[PDB]
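S.K.: Sharing a structure, written as structure tokens. Questions coming.
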Amino acid sequence: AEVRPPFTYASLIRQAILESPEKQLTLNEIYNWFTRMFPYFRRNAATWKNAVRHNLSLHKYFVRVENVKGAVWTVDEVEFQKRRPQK
């Protein structure tokens, strides 16, 4: 019953965010999904939350649109694709 292997979270973070229409979502909503979908986050949450925070500020494709319901994290295919030479 090994757990899924670690990889580029940029694909998992954009996914939870992609769950929205404008591709914008808060971290709290992504965290619930992280543990809710994968129980492998119900223990070491001090290391992943630390990398996401650092990668978030350094990631320019991650923008926080301040909203009345709280700012949300959104990814722009322009910035994200600006550094995604997948072809």
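Per the deposited numbering, residue 1 is the first one in the sequence shown, and the count goes up by one each step. Ideal Cβ placement from N, Cα and C applies to all residues, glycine included.
So, with DSSP's three-state summary, where would you put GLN15?
M.R.: helix
S.K.: Is it buried or exposed for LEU27, if we count other Cβ within 10 angstroms and need 16 for buried?
M.R.: buried
S.K.: Does the stretch 59-72 come close enough to the stretch 36-47 to have 3 or more Cβ pairs within less than 8 Å?
M.R.: no
S.K.: Can you give the beta carbon distance from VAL3 to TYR40, rounded, assuming they're within the 8 Å contact cut?
M.R.: 5 Å
S.K.: Quick one: what's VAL52 bridged to in DSSP?
M.R.: Looking at the DSSP assignment, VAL52 forms no beta bridge with any residue, so it has no partner.
S.K.: Identify the residues that DSSP records as bridge partners of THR26: which are they?
M.R.: Answer by DSSP bridge pairing: none, since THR26 is not bridged.
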